[PDB]
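Working notes, beginning with the structure itself.
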Amino acid sequence: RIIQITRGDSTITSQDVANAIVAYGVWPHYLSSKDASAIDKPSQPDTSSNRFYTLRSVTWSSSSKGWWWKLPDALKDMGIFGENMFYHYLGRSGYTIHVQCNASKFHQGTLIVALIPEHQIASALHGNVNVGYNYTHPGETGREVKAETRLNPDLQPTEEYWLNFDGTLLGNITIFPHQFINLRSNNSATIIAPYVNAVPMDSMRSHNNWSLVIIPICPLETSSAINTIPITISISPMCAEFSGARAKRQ
Amino acid sequence: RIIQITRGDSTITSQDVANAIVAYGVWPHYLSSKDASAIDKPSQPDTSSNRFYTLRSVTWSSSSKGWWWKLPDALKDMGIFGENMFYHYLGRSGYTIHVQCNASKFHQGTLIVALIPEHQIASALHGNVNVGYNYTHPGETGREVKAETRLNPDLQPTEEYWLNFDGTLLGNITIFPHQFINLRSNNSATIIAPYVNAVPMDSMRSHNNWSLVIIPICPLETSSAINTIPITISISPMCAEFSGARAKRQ
Amino acid sequence: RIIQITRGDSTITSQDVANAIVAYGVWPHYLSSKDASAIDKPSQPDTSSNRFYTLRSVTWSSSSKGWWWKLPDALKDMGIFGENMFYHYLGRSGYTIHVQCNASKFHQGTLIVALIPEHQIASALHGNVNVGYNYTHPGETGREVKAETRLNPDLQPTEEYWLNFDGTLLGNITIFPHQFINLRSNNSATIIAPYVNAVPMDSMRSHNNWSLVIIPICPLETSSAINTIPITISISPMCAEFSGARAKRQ
Amino acid sequence: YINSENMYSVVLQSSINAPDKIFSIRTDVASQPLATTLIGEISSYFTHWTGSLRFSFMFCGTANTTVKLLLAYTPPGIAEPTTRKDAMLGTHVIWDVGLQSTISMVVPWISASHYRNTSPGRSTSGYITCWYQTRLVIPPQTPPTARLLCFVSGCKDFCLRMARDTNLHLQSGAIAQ
Amino acid sequence: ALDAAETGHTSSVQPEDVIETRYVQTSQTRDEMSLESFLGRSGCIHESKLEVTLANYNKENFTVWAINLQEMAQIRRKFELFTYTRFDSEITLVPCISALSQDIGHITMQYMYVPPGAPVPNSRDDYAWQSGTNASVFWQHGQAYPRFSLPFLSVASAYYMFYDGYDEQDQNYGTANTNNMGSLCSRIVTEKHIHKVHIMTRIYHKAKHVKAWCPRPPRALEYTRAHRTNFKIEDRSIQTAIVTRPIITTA
């Protein structure tokens, strides 16, 4: 159960992992002349951006409740990817994602990781409300789930993780392409996806065409004084493309 | 005597110009596997940067004395070109340059434009002195030539245009690839060059591998109340390449 | 990562080792008629001496500093090998060496083992001095490295292990054929060498034609009450030969 | 550490939840400390060098212990990095500390000139830099510590010119006998 | 990209493994890095300084030096890089006359290779200056630099750069056993004359047609004792070529 990974300039491994299911079996690819909408020959940064980038350390505990991100927004700051995104009205990209989560032989607990589509998050508050841009687009900073006092609550998404933050049951979440970090089974987990939309390419900053969720399905523990472990995620964009070049987006 | 020009996404014309001599007849091209030093497959932004960009308006008068730029530094702010330059230790590029300088049928005066190599500028002051980085690298802001009071003079270059700012005679400057804006002969002038160095590619921000000079060889005049005309220059980089990607240079 | 070893009558294994590099790739062999100096048909004890023999237990600690031996002298007492050596003016032999060094999964530390040539040891004291025979020829008793009070110091070798006892930097010592005991990587380490000299065979007791060094590059530790581990080394001579038979050497 | 083995080694702290820097070095072959390596000395015997360098790293800690680490290189003209993400923008490797002992990786040759001078005066080749990609995790009651040893060699790419009587060593007066 | 350095084998070899390279004509010759280059440049070996004594001109005015590569550091460190080496030798003489007097006049100077068990000259008038078979050679004022090719000498296949034992009764540990080449010698050939002078010969050699045997690590510290690897100098400390820095997180 060993893998190595190589994209654009950068490489990844686990020597205790079971291979990704490729999302729907479709290995990532560029747009087709048969399906395209945009007229130009689009921007292929290739190796300089279909390469890995990784998020700030989250860390977790038995008390922890969940984390997620929305893409491409979660990668808006990833140099070439980030600006090439911000300077175009449109683009498209798939992703290779690996989540890094080693423990000792002496830990238990499990996370589910789900790649998830439009994942249209429900409000925290009841009634005539909807989610505000700052929170739907948390950037690489992401959304960890917490017990208390998130301001502007009327525009906040719900914290209700076991309702998938949208009023659907968890545990059926395995309907999406998914994996488990299980500390016995593996030390890491991986998933890869092509581009997807109802449209052949999309307004990157305006719509998170993919999203990624990680949930503490089983509580972290060990008897060791190292009561907590970080998690980090690395992503490479795939076949990344951009079209309608103009100024940098604000 | 008419031309149209098309690079990367953008187009240029004059309908009163005589064609550029190509510098040394060598039409621009990428590096060769036979000559290269750098090991990677280098960054080809192609259309997204081998396209035109243009400088702030200078303007001139009978009293005016000269202007010049040093490349690539003069283009450090040209979006894709500028950052792709700043994020790599090395690159290379040639250039297509056109200078825009129309007058009426009722004006006289002439400028020489010279593309020029390392053009190693002499100090203003005598003695144990050399030119400071701020002035060798004026950016797109360039160096117009003026009569007075440039501070830090010990680190300033000389203003002595007819000594080519290096102690060589003007009028022999036609040794380089050059053209004249002559208001009777043309309304614009053009030159194109490949990459050049003693090295197969170069430390862009650290060394202006090419330079461009424009000089009022004959004074501007008309009897019309429009006593002055702007000049502007547009440039496209050619076959532009970059290697040794890391952080943005300061 | 498993091996078994069989020479002359005796056998060795590790089931957590990475194979020896053969010194310079030259698998051990007898002298050639093309290269020989000695006139007789020489003494081939074969199985009765190209078989394993092993040294007294050393043991090590975080406080320990190093150990080494000089060959053939380190084996002067190995029955057939030892006397066949002492009864001839000349001989030659290569060696197979394995060092035995198992710990638990719960230990850290590392040793470098270097096979080393003439390894001409420097004196302890300064000035007009050189190493005395008793110390260059420690027998199987070997030279562990210690902090204090070795008598006859003027004739002692230096204790300066990180200067390889000769005024050369350690860590470059990997220039020789070498291995690491690393407690994670392996539980044992191995090296094999042919005969070598500037001469086709040599005065065994008068010159240590090979030498062997083991150094605590990283300190031994575990939290377990078993604060220390023995090391032992076993050697078989290879293609061992002797010539110029006479009385037993004193 | 200098008068000992320990200057070949670094110590890691499993106690720390941080992304931060473990160590950094130059990359100029005849700079300190690299000059003291045998490739260093051979380069110090020379004036020109070219081609990429191999670097290698063993997790010398307790076999029961896990981590993943960032080894990274900085293309110069710029300061040595001060966040892990800075090094992540450089060319780098993240070490899957599997059963296998060692990660090995290369500083790519990115000299403007086909060669570089072997010793810089007022000049630079770039940096090696090292960071906690995860925290280091020992299992309970393991030693609260780990060791790392670091190696270098010329790649197949590597070469030198202008053999010169080396910087690295000095003779004062007569060599006595 | 992963390996076991503990094997002893060099680590994961290939640069194309972790860089998405362009094809490059990496095409730089290693020939300056050849042994017939690196050994095969000459350097000075020893310093034959003499004063022309007047009061017994006939006695004193000669010198003898034990042949070794062990007392000029640069050359020494070329050879202090291996177990053994073999080569033929360009030998080159740079004779110099220094005047302690108003003139030097014509001067002529002898050298002799004294292989061991040749009768060593005791006197500037010794019959040993006759040399029916010893390699003896002459220089004089205004003559070009003398040179000769000396073939590889040893009774063995290669010169010991190091040795790990003794001459059979157990003293002189190391090269002082094996490296008995005997000595070079020099002597003023002009007869007694009024000019007080110093003669200095710098003697040079280059090894060519070279071969070398099992590399060994370079000398880290000042030399001390020719044949012997001694390095712990008297009333001194082991200040190696390594230089310290304030913190290992700062380059």
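To keep things simple, chains are lettered A, B, C, D and E as they appear, and every chain counts its residues starting from 1.
Operating definition for what follows: contacts are C-beta pairs under 8 Å (C-beta built on N, C-alpha and C of every residue); 3 or more make two chains touch, one makes a residue touch a chain.
By number of C-beta pairs in contact, B-D leads over the other of B-E and B-D.
Each chain's centre was taken as the mean of its CA atoms, and the one lying most distant from chain A is E.
Note: centroid distance chain D to chain E, computed from Cα atoms, is 35 Å.
Taking each chain's centre as the average of its CA atoms, chain B and chain C sit 70 Å apart. Separation between the centroids of chain A and chain B, computed from CA atoms only, is 46 Å. Centre-to-centre, using mean CA coordinates, chain A is 68 Å away from chain E.
Counting partner chains per residue, chain E shows two or more touched chains at residues 1-2, 4-6, 15, 18-21, 26, 217-220, 224-225, 238, 240-242. For chain C, residues that reach two or more other chains under the stated contact definition are 169, 172, 174-175, 180, 182, 185. Each of residues 3, 36, 38, 41, 52, 58, 64-65, 89, 91, 93, 96, 98, 100-101, 108, 114, 141, 151, 157 in chain D touches at least two other chains.
In this structure, the chains touch in the following pairs: A-B, A-D, A-E, B-D, B-E, C-D, C-E, D-E.
Those residues of chain D that touch chain A in the complex are listed here as 14, 17, 19, 64-68, 88-89, 91-94, 96, 98-100, 133-135, 137-141. Against chain E, in their complex, chain A makes its touches with residues 4, 8-9, 11, 13, 47. Per the touch definition, chain E reaches chain A in the complex via residues 1-2, 18-20. Within the complex formed with chain A, the residues of chain B that make contact are 9, 41, 43, 47-48, 79, 83, 87, 245. Residues 52, 74-79, 81, 86, 89-91, 108-114, 157 of chain D touch chain B in their complex.
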